[PDB]
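# Report on the structure
Okay, here's what each chain looks like letter by letter:
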Amino acid sequence: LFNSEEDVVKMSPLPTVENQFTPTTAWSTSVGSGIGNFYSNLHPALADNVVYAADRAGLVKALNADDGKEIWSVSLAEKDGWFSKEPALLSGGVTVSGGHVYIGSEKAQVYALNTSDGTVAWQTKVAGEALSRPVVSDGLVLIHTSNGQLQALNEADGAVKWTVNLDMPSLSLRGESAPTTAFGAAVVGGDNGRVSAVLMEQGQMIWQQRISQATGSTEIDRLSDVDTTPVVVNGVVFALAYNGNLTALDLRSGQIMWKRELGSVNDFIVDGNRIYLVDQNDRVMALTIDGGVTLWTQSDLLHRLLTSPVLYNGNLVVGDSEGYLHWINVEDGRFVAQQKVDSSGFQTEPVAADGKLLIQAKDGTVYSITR
Amino acid sequence: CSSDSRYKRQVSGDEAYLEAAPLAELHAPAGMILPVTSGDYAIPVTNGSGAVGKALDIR
Amino acid sequence: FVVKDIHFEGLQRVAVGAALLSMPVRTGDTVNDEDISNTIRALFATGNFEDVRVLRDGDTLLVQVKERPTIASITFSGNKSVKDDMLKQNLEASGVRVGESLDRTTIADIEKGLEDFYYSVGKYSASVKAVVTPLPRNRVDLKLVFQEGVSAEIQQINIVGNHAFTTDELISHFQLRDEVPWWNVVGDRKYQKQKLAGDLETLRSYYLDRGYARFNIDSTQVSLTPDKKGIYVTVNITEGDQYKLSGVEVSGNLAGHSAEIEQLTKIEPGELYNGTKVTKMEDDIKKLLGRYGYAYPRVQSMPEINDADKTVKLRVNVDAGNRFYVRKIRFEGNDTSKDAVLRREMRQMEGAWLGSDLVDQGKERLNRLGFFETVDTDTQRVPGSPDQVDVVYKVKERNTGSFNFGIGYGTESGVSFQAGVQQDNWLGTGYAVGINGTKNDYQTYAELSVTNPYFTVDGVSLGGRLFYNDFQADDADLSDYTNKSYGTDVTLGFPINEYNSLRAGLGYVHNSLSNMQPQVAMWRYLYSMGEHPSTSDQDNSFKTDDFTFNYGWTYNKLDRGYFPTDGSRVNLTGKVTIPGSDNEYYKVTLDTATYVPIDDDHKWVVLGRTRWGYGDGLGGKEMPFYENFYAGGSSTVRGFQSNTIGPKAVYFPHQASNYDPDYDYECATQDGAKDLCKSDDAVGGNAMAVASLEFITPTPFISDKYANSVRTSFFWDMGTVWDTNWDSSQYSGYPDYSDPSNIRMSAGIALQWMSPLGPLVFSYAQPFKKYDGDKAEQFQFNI
Amino acid sequence: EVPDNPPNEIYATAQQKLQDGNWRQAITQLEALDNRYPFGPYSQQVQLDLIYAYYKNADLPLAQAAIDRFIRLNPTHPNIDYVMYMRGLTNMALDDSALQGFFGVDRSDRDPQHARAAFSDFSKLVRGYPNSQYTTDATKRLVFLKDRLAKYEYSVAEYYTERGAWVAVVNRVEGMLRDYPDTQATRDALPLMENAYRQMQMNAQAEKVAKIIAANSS
Amino acid sequence: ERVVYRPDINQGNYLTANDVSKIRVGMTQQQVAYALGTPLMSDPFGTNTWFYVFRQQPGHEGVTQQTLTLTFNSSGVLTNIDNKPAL
């Protein structure tokens, strides 16, 4: 029957399934079909002892961040306008700031779901759908949109503080350049391979620094969905290009402090001096903060489609897009635990909040994990 | 197999161009004068070496 | 240092001095230390030199050369979908091919560029390594190994900034379709960005025609989603508001055709704005002035879109040419037929004005020719006067000739055969020659059908047809129905309109029958002839010389004369007898073929093909039984066997057939099966009603170099033939066939494979419902 | 075809299958010589032997490509006369060919497409090399082709007369008149333009042609 | 003949009544060619005669003709607007 339609080139799996510690779930509290195998920048936030849980279909939950029991739930699928009764279709993910849950929808609508009931305490349409989850801070709803437009909306009403185009690639070159405000400057990375800093006060470009290549005439990797969210360790911006090529660079000027411009990083955290990251082969590597000199590495998730690395229960936790969870050593790369709580996959960054670790799987939705 | 060409020719061809069609020059009387030759019709009459037909030299 | 001898170590495609002239230093030139290193790069600037080691023996230069050139081959592996010549075109885009300089530096360059090509495919998960494999003296094979994982596909289209139209019906306007269900299976998928720009306008037009003259697209942003497959689109549009085309302000060089132009600007002032038909009405004048002699009718509209009342006004700038553009014409692609064969299928004359459509109907006449491959032209402006346009009718012709054969009696048994040949446009003349005939022991048939289609300049279609059958169906020479039949028909084509065209002919047939089978309705015709022969013997003879008057008429709007796909044409035919005929009768007939494109790219076209017939006597007589109606099998109705649709006659109670063969050729005879046995073959009626409904379907796997010459079509075959004179008295316990419920049913697909001597028809067809007396062959091929 | 071998082994075998009449094998070694050794010394003579083998294999465009090759490989050569002959000699044979020769049916009213291209290269030979070893037969072709183009031009001058487009009659004859000084078809297209003139009331312009007919009575 | 149906015989390259007014005897050829362009028949033998002849036959009921020859001098200055009607 199916011995003949065969044409596939290899992806490397997950080796080294070790449970030095035993993993588990803290509970399981599924939304529905949530983040989805559909590539979406919806992502649940965790705060207030409330699993502020959601899906692109419309169901805005609140589950308990103790056992996942319904604190409030609304369903906020769209209604009409040139076509009636759409699902919510969230472009930006869950941002719970204050008494609002700010979620960007793929209708370029950014909301503010009132954290007592998730009622839209304000809705504002933004400049294209949210390529980054809304970084809602300093009175601003800072969004890197699909067109790379830095929104800023008055987070009490969504009143637009500004909209400014960012580092702009040729298309939706898929990279979350999530606008972090650092030292009064909304520092952004870029899906056009550059890294900027823009003003947090009004959206004025502090600088822009080209890091490395984006797609087009230097055709680069389309597995490096880059963490162009900058983590400015106070004077030194840490962010990527669009190809993943890591650098360290100045806050005030963007002058390159150092770079790992060969390392096409996918996900990365500046974990002290020990930069834990996701390699281009989905592998895990610990780097220095001075040249990105490898402090340790791990190929036990070679091309196994990981989430971001996080430290929870003392060890480097990471999930994959295959439903597995991986407690990597914070030392040289050993699985201290492995939990397959799901098969539907994870691309959510694991939220080590409320004392717990809450994720939404793709359609095997919201799970809380511990060991 | 059988002796005609065994896999092969006696395919139709042509040879009439070496015969060089006899052409009697058109005469125009006075007042009937138009330029009787134009186009690529310019044949320098040269009986330099080789001959008519396949008696022209063949390499 | 001055060189005594430059030593050229290995060249292998280039010459010795051609390298030496490419050097900055010649053997004997002034030598500098830079010139030696310049000799390194300038021999590298030969491009055929892989390594170059310009050294010198004190001053005696010694140049060690390794070599790029002729690439021995270029090999390709893993090119499951992509043609390797396209991959070689990207090699040829890099200036690389077999037999060329191999630069070992640009290897990963092209390996990028083919993936950069794989990028532009709609993939990216397809990776190539170019492998250098050396051959003698300089040569190199270039293995190219393609590791093709997966393509990208239609996933999502978001149009933010859309505030008028539904994306779902918009995606239905587009071809960016992303659903083939499992229990509602329909449609297809697989993105290409070349579809995008067409579907960009499919958005834009669908705004434009509605009134949205302030519609625009802000931007469009396609996901470069990793997995190299995720294609989610952020379209940004300004949907605009709707506008009212509220008046045309057309003027310019209206060339005195202003009201005619005003007929083409008969608009509703205030209707919802539609620039598409506005664009069309611009062209309406352009053909109108193209009818009026103006091949360059510069028509420039101006939509004064008045946003103050949400309307549009319409200035249109008009600038015609000059009338007598048709100076002359040229005809190209005619190296096998005469020029006036093509020039007679035209409607515009040289030394005249331009009628734009006279070219086209003339080209439609050449489209209705059917000896062509292409119909086009080159409407060549001859520069100078605006009266010199010389239309160079470049077209492509096509082959003819087709032999027809049955299946088998010769070369093992006696010399007996079936033949039928076609020579249409006989040797580039237009002459349609169609000749058939068969000489067996059971028959000796001959037939010709030759046509001078243009015997006069109207298209007097001198269609002469002859036949001479020495038919026996012999037991020995004659015991069972030997009938020599012979005669002629010369039939002529008449201009009636440019599609309407009549037919009229005359009939000589002398049948000379003998030893006839005792079939009742067959002999009921004889008793309708007042001829009452011996029902229990086959000795009975008949000499008829029937004299008929044939006729008919055709309409023809059917586009390709040889590979017809759209249009509709009528074929009325018929015949009637005259005073002097041995039997007074008629026969009326018509056949249909409709061509309605389901897909309007015509890969799906409705084909409904029916055939009609009625023939009886003119009063006091009867149609002869050899003029009955037949269908079923290897035909327009197939899945059956041949002659399986119609009435079914019964033998008279019979004895010796004057040599009935001993327990062979039974006719209720002496030799078994006595006393009103019934034959179950279709003997046919006085009425025909037969149809065939077929469905144009493409072939994906066949290369469209030669899939375009191939038409696959599923069908249903169904029809009925009965006799209104068929009584259910003799045919009481025997089946009666005075019914329109004599229907048969079949289905299947035909296979039109075009050989170099014509299309070859094959069909495994399946008889679904069989009426009485049907016999079936499933796999049936029309040669 | 024939691998990277001794070139003269490839060359003589090419000459052998040229001598054999094995033109499908003559090209098989003639090309595989120049496939491996296009820089060969007799590779230009191979090029002329290719044009010899292609034409004898009836490879008229491949002959023309080798004619174009010997154009491109030898932009100046005294065997371009061959190349200028054999291109027109291709274009002589490239134009018209049918089985109807034994039936006495002729294609000189067929489209003289390459017979236009034959008249160029044959005359380009007897202009560019009017002393070479190809001038004699090409001049025979050109004299024959001048009427062939005219008999083609006669056929449209014929056709418009029964078509009755009398402006289209005369301009076809004028195209014969402006081009051919000597073809008998133009001598017999003469009254048609005269008749079409008399159809178009240019009887006086036709009596000009009647004087030309009087001058072309002999 | 006994048939009445005939497909239409047509031939243009004529001059309208507007076309005759655009020129005059004494205009040069170019002065006529600015108005009328060239004809699709000129005089190859003698002087500049610019033949513009209409020809048409519809329907078994006769032929229409409108011949308009423009005979200039040798200098191409117009000497005769010869309009010849049908027969």
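- Its PDB header names cryo-EM as the technique used to obtain the model and reports a resolution of 9.8 Å.

## A few points about the overall build of chain D
- Scanning chain D from N- to C-terminus turns up 10 helices and 0 strands.
- Written out in order from the N terminus, the α and β elements of chain D read α-α-α-α-α-α-α-α-α-α.
- Scaling as 2.2 N^0.38, a compact globule of 218 residues should have a C-alpha radius of gyration of about 17 Å, whereas chain D reaches 23 Å, well beyond that.
- Judged by the C-alpha coordinates and their principal axes, chain D covers about 75 × 35 × 25 Å.
- Burial statistics for chain D: of 218 residues in total, 64% are counted as buried.
- Sequence-distant contacts in chain D: of pairs separated by 6 or more residues, those separated by 24 or more amount to 55%.
- As presented, chain D carries roughly 7700 Å² of accessible surface, and 56% of it is formed by carbon and sulfur atoms.
- Distance from the positive charge centre (24 side chains) to the negative charge centre (27 side chains) of chain D: 4 Å.

## Concerning the overall build of chain C
- Counting its secondary structure elements, chain C contains 11 helices and 33 strands.
- Relative to the compact-globule value of 28 Å for 783 residues, chain C shows a C-alpha radius of gyration of 38 Å, a clear excess of over 25%.
- Relative to its full complement of 783 residues, chain C shows a buried share of 48%.
- Summed over its atoms, the accessible surface of chain C is roughly 34100 Å², and 60% of this surface lies on carbon and sulfur atoms.
- Here chain C contributes 80 positively and 107 negatively charged side chains, and the mean placements of these two sets differ by 7 Å.

## With respect to the UniProt feature "domain: POTRA" in chain C
- Listed under "domain: POTRA" in the UniProt record, and renumbered for this structure, are residues 1-68, 69-149, 152-240, 243-321 and 324-398 of chain C.
- Split by type, residues 1-68 of chain C is 28% helix and 25% strand. Its first and last C-alpha atoms lie 30 Å apart.

## Details of the interface of chain B and chain D
- Between chain B and chain D, the contact holds 46 residues from the first and 62 residues from the second.
- Of the roughly 4500 Å² buried at the junction of chain B and chain D (both faces included), carbon and sulfur atoms supply 58%.
- Interface area lost by chain B to chain D is led by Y17, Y41 and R59 of chain B, which between them contribute 22%.
- The interface formed by chain B and chain D includes 0 salt bridges.

## A look at the interface of chain D and chain E
- Of the residues lining the interface, 19 residues belong to chain D; the matching set on chain E comes to 17 residues.
- For the pair chain D and chain E, the two sides together bury roughly 1300 Å², of which 63% comes from carbon and sulfur.
- On the chain D side of the contact with chain E, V167, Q201 and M202 of chain D bury the most area, a combined 36% of that side's loss.
- Applying the counting criterion to the chain D and chain E interface returns 1 salt bridge.
- Note that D43 of chain E is salt-bridged to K208 of chain D, the shortest N-O span being 3.1 Å.
- Put simply, chain D and chain E have 6 residue pairs in polar contact between them.
- Of all the secondary-structure elements, those providing two or more residues to the side of chain D that touches chain E are α8 (166-179), α9 (184-199) and α10 (203-215) of chain D.
- The biggest single contributor to the side of chain D that touches chain E is α8 of chain D, with 8 residues.

## Details of the pattern of salt bridges
Residue and element names in this part refer to chain C.
- For the structure on display, the rule yields 54 salt bridges over all chains.
- Between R210 and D209 there is a salt bridge, with the nearest N and O atoms lying 3.3 Å from each other.
- One salt-bridge network, in which partners are shared between bridges, spans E50, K66, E67 and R104.

## Thoughts on the sheet that holds strand β27 (residues 310-312) of chain A
Residues and elements named next belong to chain A.
- One open sheet accounts for 4 strands, arranged β27-β28-β29-β30; its pairing is antiparallel. In the strand order of this sheet, the two ends are held by β27 and β30 (335-339), each with one partner. Across the sheet, the axes of successive neighbouring strands diverge by a mean angle of 30°, strand direction being ignored.
- Two strands pair when backbone bridges link them, and β27 and strand β28 (residues 315-319) are joined in this way by 3 bridges, in the antiparallel orientation. Bridge assignment links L311 to a residue of β28, and that residue is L316.

## Topic: unusual backbone geometry
- Residues other than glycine seldom take positive phi values, yet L89 of chain A does so here, at roughly 55°.
- In this structure, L89 of chain A sits in the loop between β5 (70-75) and β6 (94-97).
- Relative accessible area serves as the criterion here: at 26%, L89 of chain A is assigned to the partly exposed category.
- A positive phi angle, near 60°, is found at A668 of chain C, a position not held by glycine.
- Owing to a relative accessible area of 0%, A668 of chain C belongs among the buried residues under this scheme.

## Observations concerning the sheet that holds strand β15 (residues 159-165) of chain A
All names here are of chain A.
- Spatially, β12-β13-β14-β15 is the arrangement adopted by the 4 strands of the open sheet, whose pairing is antiparallel. At either margin of the open sheet sits one strand with a lone partner, and together these are β12 (135-137) and β15. The sheet shows a mean angle of 15° between the axes of neighbouring strands, taken without regard to direction.
- Alignment of β12 against strand β13 (residues 140-144), held across 3 bridges, turns out to be antiparallel. When the bridges of β13 are listed, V136 appears paired with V141.

## Focus on the pairing of strand β20 (residues 236-239) of chain A
- With burial as the criterion, each face of β20 of chain A is covered, one bearing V236 and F238 of chain A and the other bearing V237 and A239 of chain A.
- With antiparallel pairing between neighbouring strands as the criterion, β20 of chain A and strand β21 (residues 245-250) of chain A make up a hairpin whose turn holds 5 residues, including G244 of chain A at a positive phi of roughly 105°.

## Some details on the packing of helix α3 (residues 43-56) of chain D against helix α5 (residues 80-95) of chain D
Residues and elements named next belong to chain D.
- Where α3 meets α5, the closest approach of the two axes is 11 Å, and the angle between their N-to-C directions is 15°. As the angle between them shows, α3 and α5 are arranged roughly parallel. Read as a crossing pair, α3 and α5 show a hand that is left-handed. Two secondary-structure elements touch here, α3 through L48, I51, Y52 and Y55 and α5 through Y82, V83, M86, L89, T90, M92 and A93.
- Tallied by class, the residues present in the contact of α3 with α5 amount to 10 nonpolar, 1 polar and no charged.

## Some words on the packing of aromatic side chains
- According to the stated counting rule, one finds 53 aromatic pairs over all chains in the structure shown.
- Note on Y102 of chain A and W122 of chain A: the rings are 5.5 Å apart at their centroids and 50° apart in plane angle, and the pair reads as tilted. Taken together, the residues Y102 of chain A in strand β7 (residues 100-103) and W122 of chain A in the loop between β10 (119-120) and β11 (124-125) connect sequence positions 20 residues apart.
- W122 of chain A gets classed as buried once you look at its relative accessible area, which sits at 4%.
- Centre to centre, the rings of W726 of chain C and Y731 of chain C are 3.9 Å apart; their planes meet at 25°, and the pair counts as stacked.
- A relative accessible area of 3% means that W726 of chain C is categorised as buried.
- The exposure class of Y731 of chain C is buried, given its relative accessible area of 4%.
- What links up through ring pairs into an aromatic cluster is the set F165, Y206, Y207, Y212 and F215 of chain C.
- Above the face of the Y243 of chain C ring, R214 of chain C is positioned so that its terminal group lies 5.3 Å from the ring centre.
- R344 of chain C extends its terminal NZ or CZ atom over the ring of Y454 of chain C, reaching a point 4.9 Å from the ring centre.

## Considerations on the side chain of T712 of chain C
Residue and element names in this part refer to chain C.
- In this fold, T712 is placed in strand β30 (residues 711-722).
- Within the structure, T712 has its side chain in polar contact with the backbone oxygen of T697 (distance 2.3 Å).
- Beyond its immediate chain neighbours, meaning those up to four positions away, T712 contacts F695, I696, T697, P698, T699, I749, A750 and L751.

## What to know about the arrangement of the chains
- Among the 6 pairs of chains in contact, the pair with the most contacts is chains B and D.
- At their nearest point, the C-alpha atoms of chain B and chain C are still 13 Å apart, with no contact between the two.
- What separates chain A from chain E at the closest point of their C-alpha atoms is a distance of 54 Å, and the two make no contact.

## Let's talk about the packing of α3 of chain D against helix α4 (residues 60-73) of chain D
Residue and element names in this part refer to chain D.
- Interaxial distance between α3 and α4 falls to 8 Å at its minimum, and their mutual angle equals 165°. By the angle between their directions, the pair α3 and α4 is classed as roughly antiparallel. Of the two elements, α3 crosses α4, and the hand of that crossing is left-handed. Where α3 approaches α4, its residues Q44, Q47, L48, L50, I51, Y54 and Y55 are matched on the opposing element by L60, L62, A63, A66, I67, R69, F70 and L73.
- Of the residues assigned to the contact of α3 with α4, the class counts are 12 nonpolar, 2 polar and 1 charged.

How each quantity is defined
- Each chain carries its own residue count, beginning from 1 and running in the order its sequence is written; this scheme need not agree with the entry numbering, and residues with no coordinates do not appear.
- Working convention: letters from A go to chains and numbers from 1 go to ligands, in the order in which they are written.
- The basis for the side-chain values is all heavy atoms of the structure; hydrogens and waters are excluded.
- Numbering goes from the N terminus for both helices and strands, where a helix is a DSSP run of H or I of at least four residues and a strand is a run of E of at least two.
- What the globule rule says is 2.2 Å times the number of residues to the power 0.38, and the radius of gyration is computed from C-alpha atoms.
- Three labels apply to residues, based on accessible area from a 1.4 Å probe with only protein chains included: buried if under 20% of the type maximum, exposed if over 50%, partly exposed otherwise in between.
- Two residues qualify as a contact provided that any one of their heavy atoms is within 4.5 Å of a heavy atom in the partner residue.
- Working definition of accessibility: Shrake-Rupley area with a 1.4 Å probe, residue cover restricted to the visible protein chains.
- When charges are counted, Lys and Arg contribute as positive and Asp and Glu as negative, whereas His and the chain ends are disregarded.
- Each charge is placed at NZ for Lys, CZ for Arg, CG for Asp and CD for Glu.
- UniProt positions are given in the numbering used here, feature names are shortened, and annotations may be inferred rather than shown by experiment.
- Buried area is a sum: the accessible area each of two parts loses on coming together, probed at 1.4 Å, counted once for each and added.
- Criterion for a salt bridge: a side-chain nitrogen of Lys or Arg within 4 Å of a carboxyl oxygen of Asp or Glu.
- Identification of polar contacts relies on pairs of N or O atoms within 3.5 Å, with a donor-acceptor requirement for protein atoms, meaning one able to donate a hydrogen and the other able to accept it, and with residues adjacent in sequence counted only if both atoms are side-chain atoms.
- Two strands are counted as paired when DSSP detects at least two bridges linking them.
- Axis geometry follows a simple rule: fit a line to the C-alpha atoms, using only the stretch in contact for helices, then measure angles between N-to-C directions, giving values from 0 to 180 degrees.
- For classification purposes, an angle smaller than 35 degrees is called roughly parallel, one larger than 145 roughly antiparallel, one from 65 to 115 roughly perpendicular, and anything else oblique.
- By convention, the crossing between two helices is left-handed when the near helix turns anticlockwise from the far helix through less than a right angle, and right-handed when the turn is clockwise.
- Any residue that is not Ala, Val, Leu, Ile, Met, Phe, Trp, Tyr, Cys, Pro, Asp, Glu, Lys or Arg is counted as polar, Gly included; the first ten are nonpolar and the last four charged.
- Geometry of aromatic contacts follows a simple scheme: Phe, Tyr and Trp rings, the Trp one being its six-membered ring, pair when their centres are within 6.5 Å, and the pair is stacked under 30 degrees between planes, edge-to-face over 60, tilted otherwise.
- Whether a charge sits over a ring depends on NZ of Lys or CZ of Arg being within 6 Å of the ring centre and within 35 degrees of the ring normal.

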